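Residue numbers (the authors' numbering), protein chains in the order written: chain D, 1 to 282, 293 to 584, 680 to 1076, 1084 to 1227; chain C, 116 to 232. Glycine included, every Cβ here is placed at the ideal spot set by N, Cα and C.
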RNA sequence: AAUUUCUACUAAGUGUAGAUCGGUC
Ligand SMILES: [Mg+2]
Ligand SMILES: [Mg+2]
């Protein structure tokens, strides 16, 4: 038996077929002689007009709803919000009252003022024509009779807008949360210190010029929050604090410029008010327009560059401010500023750990991995490292504000170095006569500019805090947030330019046709039979869509068999066929009474000899005889007409009878020659019909049950599964490990090349050299945006080929899949495969492995299109990749690359040189330093109780040596250093005795420092397991200083060139093979646990029991 | 008809120049399409008359990326020289091959294309 | 560098090798 007998056809899955429809006969002539072109173009442009004018009409609806709304519980949320809360479950009553405000404004949204004539045909056919004056647009509205499919899609968008979801698109979140918490914040600023500011300009002059409404001091009460929620309250409230032209030549400023204008001590340490946002409802088409945007935003004397000068002046004000209360948002960039100011990253973590060692760590340290994970989530839990806390983390001769200031002037001085080469670009008469897509240097200037500005934007958004916190600085954060928002506007400029420059030279414009029927084939020949006006005709390997005109379809049903030739079988029984004649419908088409559009693709060609695609094998088994109900049709078939993009001037061909070269160096031929024309992108210069046929597979299921429980039951009685390590590598970019249930290596190989199989001919094609030349292109093009997109999409086709290889491994071996995991918190940044591409890889695993179909199998049995395998659940989110999804066993991975595959020793001795006290303690921690002359090696018998963070070992006492040689990478320089020549170099140097045993006390007799530093250096080389070259790919070997119980050391050069590798070949097979042994441990946990205990077996592996299993199960 | 015929003579000098460049583009196209995309030289590209016997190594527009895909112009059928891969769309019609990689290249490399193979 | 669209080819001569559900930012 096999494990695939129960996982077939468990649940449903919908698909959408796509095929090619071309006109046959005089159908184009009848569309030209029935005027079907101007009403679809005009109706489409009028549809964009409907989307604009319903954005405007819904904007007026928001103006109508939010105008006359008052509040009752306003003062209680303000007061109890600012009484410095007393949380005996108080903030759940405060926040629950805020939920009562959300149901109050949501009750105002849902309860009254229409809400029923808003998403139907009456809002667009009755209420909209009496609206929209200049009545030509009203004549543009009445041409949408019953076509409400894109209208109900836009209504799906506009019902996804207004809901009880409270996102940034929701207006209640914005007004209540943003405008109410900033309103209470402005009352906390306004009540504390405003008496220093003004008592004469506000109520006398500003009230007279601006509004002559209620007082500005009275705008901090209950009456104004009921008024500011309109658009005019935003215009007045931002017309007071921001300023407004007042319909004159005055151009008056606001209150914060008067805080700057007050001139108390020429520093103005006074709080500033927060601006409140507007409503949620407020060129990428030519070179000169986006270039003109660059002539608007990033020129020499904009407000944007002036805001950058306010950032430089703002860090000068930071030099004359304090260092307390300014919070830093905890992320990966606190390690970046740790690298900027201090020595290494986690050093600041270590100083945090120092305070943590002030609290929890006592004598006789009980540090475990649970303590390190609760300590790591405690580091996540704080999140509020201030600058005084980093000042306490600073040691002697470590000035935080001075080194910080010098390195941020180094950063913005590098940005000034980019600006220094950017001055002579657009001085006087910059009309660039070439194409923007053609020139290379200007794209390098704008690219390096937007990379410096955008990287500085990531740095300054890493200078946020947590928000809504305790006592915080009052003049830094104003221009910080405002210049941050301007910098987010030039982030949108980066979005526009980066979305413009990589435009392809062929455009894709598809649109669904209707042929003046708002009932176009919504079913499949149902009881209506004349409202759908279309049916599927068949003729051999050519299909023929029958679209009936309604002027003749009422009396078109004259279907004679005619007993001669041409049986065009129509589809019915909503699934069977009814025969017909040939010359009758030929008379209908040739007179202009019927339309027949050919369904066809590459795979229905007579000029073909190979295996067809997957959608074609979906379509052939659709109309087959023994279709029991597996693959069935569904509604919503959509015929998209597509226009032409490539004109007849820019076509480039491969001509006839000319021997052209060949790209692939693995081609056994070198030239090739044809007898006709091979064009460049012929499929876009034409006008083409493309049909979508949405099918559904297994709509009536057979067995609905829990998948992962059944996997854990069937593998509990099983003795030999297989595991498939798919790991991002340094040199071999992808690698495949396939291991058994015991641990013996079954099949390991690399994916540097892909073996193409066609007609029995097996031709390989390498992607290591090809994408290596693409990294040569990224290394030299003076441009990278098109290059990086070629790497991303090249890796997308690459991972599609990898999806084919993994599907062949599941259809061939039927393994359980431990591969590499994205949510382990690991980050190395050394491999050539980035994270987002591998997210697209596992995303294509989710979208692929829902219903997996073999292409070269029997359709009667399982594996084909009828009975394909359902081995992975649906797609929910990116966070759904949590430790288990079907047979995709997500396994996190800590310490798998840099660990011995033979013994299992991992880097635990922290051999960074600290001082001479811990060097004498380091050498004094060795219990036996002895030398023998026969081995000519240096023995190290030591105890792991005397070292920090070595409690995770099971024996604690080990025998180590030094075997082979090492490559000391930098004195790069390639400083290849041996073992006995270095210790005898130092011992014959400095002249100490080494021909005797037990010299662990003779080594501590020295008082010089370079002896201990050189000995820590030789410990660093002895424990450096990555014995690579980083130059040529001669020997990327992995030799270990620790032998097993057999007595032999692991030299990977011996175990590489073998026919049956019992040991891994490099570090990638080491890592993926160790993830494979982690699932071998997890199936060990399946052997330990009970039957129902399989519901809650921990699969997320630790490292202490991974060192236990890694050491105690080597044989 | 004095200076008009003079600039016509200048246009005929540029005609002989652009036909020398087109002739060397044709023969150079034959010796380049003889190569299996690995022994190709690193070629300076231009959409301007580039005159390999009068090459000026002055401007920073000099580039040394490996050429390929030298196909037609099927309204006028040309050898066209993409300077990168297939998907970079950097078609040109004036080329001069030089010695090796970027940065102050060597000078001409005239008629040594048979020594590349 | 020819496709139902995307990617690497020419791959036995108007193709070949894989993958793809969905109208919405
Ligand atoms: Mg095919
Ligand atoms: Mg292509």
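Let me know if residue i comes out buried or exposed under the rule of 16 or more other beta-carbons within 10 Å of its beta-carbon.
i              : result
residue 882/D  : buried
residue 888/D  : buried
residue 968/D  : buried
residue 129/C  : exposed
residue 77/D   : buried
residue 459/D  : buried
residue 1193/D : buried
residue 28/D   : exposed
residue 399/D  : buried
residue 972/D  : buried
residue 1084/D : exposed
residue 695/D  : exposed
Could you work out which residue in the options is closest to residue i when comparing CA atoms only?
i              : options                     : result
residue 704/D  : 2/D, 21/D, 11/D, 1/D        : 21/D
residue 1026/D : 1043/D, 1124/D, 949/D       : 1124/D
residue 770/D  : 119/C, 139/C, 152/C, 141/C  : 152/C
residue 261/D  : 945/D, 198/D, 223/D         : 198/D
residue 215/C  : 154/C, 164/C, 141/C, 206/C  : 154/C
residue 248/D  : 209/D, 231/D, 267/D, 224/D  : 209/D
residue 344/D  : 1179/D, 471/D, 1058/D       : 471/D
residue 201/C  : 181/C, 168/C, 117/C         : 181/C
residue 745/D  : 793/D, 31/D, 462/D, 693/D   : 793/D
residue 414/D  : 473/D, 229/D, 815/D         : 473/D
residue 659/D  : 536/D, 518/D, 963/D, 708/D  : Residue numbering in chain D breaks between 584 and 680, and residue 659/D falls inside that break, so it has no position here.
residue 174/C  : 119/C, 161/C, 199/C, 183/C  : 161/C
residue 804/D  : 4/D, 15/D, 1171/D           : 15/D
residue 1254/D : 11/D, 300/D, 743/D          : Residue 1254/D falls outside the range modelled here, since chain D spans only 1 to 1227, and no answer is possible.
residue 319/D  : 1136/D, 510/D, 489/D, 420/D : 489/D
residue 808/D  : 9/D, 4/D, 2/D, 3/D          : 9/D
Skipping 5 residues on each side, what residues in its chain have a beta carbon closer than 6 Å to that of residue i?
i              : result
residue 477/D  : none
residue 528/D  : 146, 147
residue 120/D  : none
residue 453/D  : 888
residue 428/D  : 458, 459, 462
residue 953/D  : 908
residue 1049/D : 1055, 1058, 1061
Which same chain residues, not among the five before or five after residue i, have their C-beta less than 8 Å away from its C-beta?
i              : result
residue 512/D  : 890, 891, 894
residue 944/D  : 927, 983
residue 516/D  : 750, 751, 786, 789
residue 570/D  : 685, 686, 689
residue 1213/D : 996, 997, 1190, 1193, 1194
Kindly list the residues whose CB is nearer than 7 Å to the CB of residue i, restricted to its own chain and excluding five residues on each side of it in sequence; keep chain order.
i             : result
residue 190/D : 220
residue 242/D : 254, 275
residue 46/D  : 140, 143
Exercise. Ignoring anything shorter than 3 residues or poking outside the stretch 985-1058 of chain D, list the beta strand (DSSP E) runs there in chain order.
Key: Here the runs fully enclosed are 1031-1037, 1042-1048.
Quiz prompt | Complete runs of the beta strand (DSSP E) confined to the stretch 404-441 of chain D [at least 3 residues] | solution = Unbroken beta strand (DSSP E) runs of no fewer than 3 residues, entirely contained in the stretch 404-441 of chain D, are not found.
Exercise. Would you list, in sequence order, the uninterrupted beta strand (DSSP E) runs of no fewer than 3 residues that lie entirely inside the stretch 459-485 of chain D?
Key: Taking only runs of at least 3 residues, no beta strand (DSSP E) segment lies wholly in the stretch 459-485 of chain D.
Practice problem: Ignoring anything shorter than 4 residues or poking outside the stretch 196-249 of chain D, list the alpha helix (DSSP H) runs there in chain order. | Solution: For the stretch 196-249 of chain D, whole alpha helix (DSSP H) runs of length 4 or above, ordered along the chain, are 207-210, 222-225, 231-241.
Quiz item: Which runs of the alpha helix (DSSP H) spanning at least 4 residues fall entirely within the stretch 51-84 of chain D, listed in chain order?
Solution: You should have 74-81.
Quiz item: Which runs of the alpha helix (DSSP H), 4 residues or longer, sit entirely within the stretch 785-871 of chain D?
Solution: Whole alpha helix (DSSP H) segments, 4+ residues: 812-822.
Exercise. Within the stretch 720-787 of chain D, note down every full beta strand (DSSP E) run reaching 3 residues or more, in order along the chain.
Key: Complete beta strand (DSSP E) runs here, min 3: 736-738, 743-747.
Self-check item: Ranges of the beta strand (DSSP E) found wholly within the stretch 870-937 of chain D, counting only runs of at least 3
Solution: Entirely contained in the stretch 870-937 of chain D, not one beta strand (DSSP E) run reaches 3 residues.
Exercise. Could you tell me which uninterrupted alpha helix (DSSP H) segments, each at least 4 residues in length, are contained entirely in the stretch 92-166 of chain D, listed from first to last along the chain?
Key: Counting only runs of 4 or more, we get 136-141, 149-161.
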